[PDB]
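Student: Sharing an experimental structure here, sequence included.
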Amino acid sequence: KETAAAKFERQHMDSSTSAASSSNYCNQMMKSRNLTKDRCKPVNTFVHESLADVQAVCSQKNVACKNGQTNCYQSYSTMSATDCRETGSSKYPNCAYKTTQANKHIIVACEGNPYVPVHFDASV
Ligand SMILES: [Cl-]
Ligand SMILES: [Cl-]
C-alpha cells in the first residue's frame, strides 16, 4: 500500500516545470502519474514548486479544512499550480482534461512525523 505522504507527492507534485507548458499538460500528467488507470480521476491539482516549499506549508498558516478538521495549512505565498479537470468529451479509457494554470495560495492537510502534506484541500 502507498503511504499518505507518497500518494500526495505522486498526485500533486510537479517540480520539474515552472507551469503547465500547454493545453495537453493535464492529459499527459494525469496518465503518467497513474490517475487514469481504472477510472478517470475527475479533478486534480499539480503544484509547480519544490517538494521542500510545499512541505514547509505544514508550518505556515493554520486554517480550517472544509471538513472542519484543524490540520490544514494555507501557504503564505502564492504558488504556481495547474488545475486538471475532465472535459465533457472524457469518458474512459480515453480520459480528456482541460488544463488551467495559475498562481494561488495552496491549502493542505498535514499529518505524521515528519509533519507533511497528505491531502490537497484547495487553492485560494
Ligand atoms: Cl514511491
Ligand atoms: Cl486536487
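Tutor: Looks like it arrived, so ask away. Numbering: from 1, shown residues only. Ligands and ions are numbered 1, 2, ... in the order given.

Student: Tell me both backbone torsions, phi and psi, for residue 119.
Tutor: Per-residue torsions, residue 119: phi -150, psi 150 (degrees, to the nearest 10).

Student: how many other residues sit next to the residue nearest to it when sequence neighbours are not counted?
Tutor: Using Cβ to Cβ, 6 or more residues apart in numbering and skipping the chain neighbours, the partner closest in space to residue 119 is residue 109 (4.1 Å). Using the backbone N, CA and C atoms, a C-beta is placed for each residue, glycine as well. Neighbourhood size, residue 109 [other Cβ atoms under 10 Å]: 20.

Student: Next, residue 109: phi, psi?
Tutor: Dihedral angles of residue 109 (phi, psi; degrees, to the nearest 10) stand at phi -100, psi 130.

Student: is it true that it touches residue 122?
Tutor: No. Under the criterion of Cβ atoms under 8 Å, residue 109 makes no contact with residue 122, lying 10.5 Å away.

Student: buried residues in stretch 82-89?
Tutor: 82-84, 86 (16 or more other Cβ atoms under 10 Å).
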